[PDB]
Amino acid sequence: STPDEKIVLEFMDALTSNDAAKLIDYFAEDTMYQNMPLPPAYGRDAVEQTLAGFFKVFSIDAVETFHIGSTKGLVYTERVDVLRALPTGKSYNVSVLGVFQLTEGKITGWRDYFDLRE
């Protein structure tokens, strides 16, 4: 595990906190999140708002990471998220790839590719 992979794994562990204020601490000011293929959330504040909005409708009940690696400095990690819809109580399992760019220990770019098959 490289230092960047370590940080990404810590962030993955933290997802089940469902706490945007806690999670945003991993991000640089100059950052972005893109949930493919939607337009990105530009800047740290937009990323925080995106997470906070998500946690008003879903709980991340569990994250099971099954792969992590790096190529050309970018960290690639794959997991299944157990997502529970708060207004219904129904739970869903979905696989997702996260691709992370870090600069001096902070996340400067995050791209997610969720499984979009039915």
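Numbers for residues come from their place in the sequence shown, where the first is 1.
- Taking only CA atoms, the mean B-factor in the PDB entry is higher for 3-11 than for the other of 3-11 and 108-116.
- Averaged over their C-alpha atoms, the temperature factors of 33-41 and 65-73 are higher for 65-73.
- Annotation for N18: C-alpha temperature factor in the middle third relative to the rest of the modelled chain, per the entry.
- Sort the modelled residues of the chain by CA B factor and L102 lands in the highest third.
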